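Read through the structure below, which is laid out as structure tokens, and then see the notes.
Here, each number is a calculation from the coordinates, and none is a lab measurement. Cβ atoms come from the backbone with ideal geometry, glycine included; neighbour counts cover every protein chain shown.
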Amino acid sequence: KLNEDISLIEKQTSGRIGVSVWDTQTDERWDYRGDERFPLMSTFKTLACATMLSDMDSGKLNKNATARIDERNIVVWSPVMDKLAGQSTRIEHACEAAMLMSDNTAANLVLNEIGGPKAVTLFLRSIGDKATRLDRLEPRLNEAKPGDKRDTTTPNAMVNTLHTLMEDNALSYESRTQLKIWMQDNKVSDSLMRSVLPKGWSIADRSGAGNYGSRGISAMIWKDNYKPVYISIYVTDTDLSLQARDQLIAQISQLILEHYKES
């Protein structure tokens, strides 16, 4: 039993763990604290990029829209954008950097072009997510203060929203294909679910880390002959180091994925 295992793991950490799974092959859903709030951290980047793509689909934002990177605007962890001061970059390229490398300046550029955190929240409400909310830019959104509702989601809401983005009509076919490729090409989450993913499985994911010992991941996994499984794993309010948080996400991923060894 997964519930008992996660409650024991949670007791060791002295924090809160939230998990949600929706298997679209079996139509089975399961969660642990699935409707509780956890910080988004960098897992918001998928949602900012989906908002941007939906604006491109609707004719409200040019596919080739650009914006200028100014040195004074570059924030922490911007491995791609920190080479571009003085240059114009496509907003689409900023989303590629946010999704592949978790580039924070790139994510802020996308947020500034689409109407900010308020616009991402409005997009989420328009596609049926009543829980998730984005309120601040990077890096302030990593605060993850217990009880603070700013920049939060729930494990169930991320699973439901990712399924809406990938399988419903929130995005055009071109846009959902692009978002999926960016999530498959994620380069910064190898120590998490990817480290324990069984052979034959494909993965599209996005992770995050925050203050108060927070870590999280939103993923979609599938096989040639296995319909997508949507998973959320969030941890908060711990004293764990980043390395121990990575190990904990891989540990929870292993417990979920062991069910799929013969799937």
Checklist entry - Hey, among the residues in segment 84-95 that are part of a loop (DSSP other than H, G, I, E, B) and under 23 Å from residue 178 (Cβ atoms), which one's nearest to the chain's Cα centre (by Cα)? => result 84
Checklist entry - Taking the condition farther than 19 Å from residue 245 by Cα, touching a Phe, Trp or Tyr at 6+ places or on another chain (Cβ under 7 Å) and either surrounded by fewer than 20 Cβ atoms within 10 Å (Cβ to Cβ) or of a type in the set (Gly, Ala, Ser) (or both), does residue 78 pass? => result no
Item to check | Matching entry among 121, 43 (being surrounded by fewer than 22 Cβ atoms within 10 Å (Cβ to Cβ), polar (S, T, N, Q) and within 15 Å of the chain's Cα centre (by Cα)) | outcome: 121
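Determine whether segment 23-32 contains at least one residue that is within 16 Å of the chain's Cα centre (by Cα) and closer than 15 Å to residue 154 by Cα.
Here is the first cut: in segment 23-32, the ones within 16 Å of the chain's Cα centre (by Cα) are none.
No; the residues of segment 23-32 include none that is within 16 Å of the chain's Cα centre (by Cα) and closer than 15 Å to residue 154 by Cα.
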Next on the checklist: Out of 189, 126, 172, I need the residue that is of a type in the set (S, T, N, Q) and touching a helix residue (DSSP H, G or I) at 6+ places or on another chain (Cβ under 8 Å). Which one?
Outcome noted: 172
Checklist entry - Within segment 4-62, which residues are more than 17 Å from residue 115 (Cβ to Cβ) and small (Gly, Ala, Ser)? => result 7, 14, 15, 18, 20, 34, 42
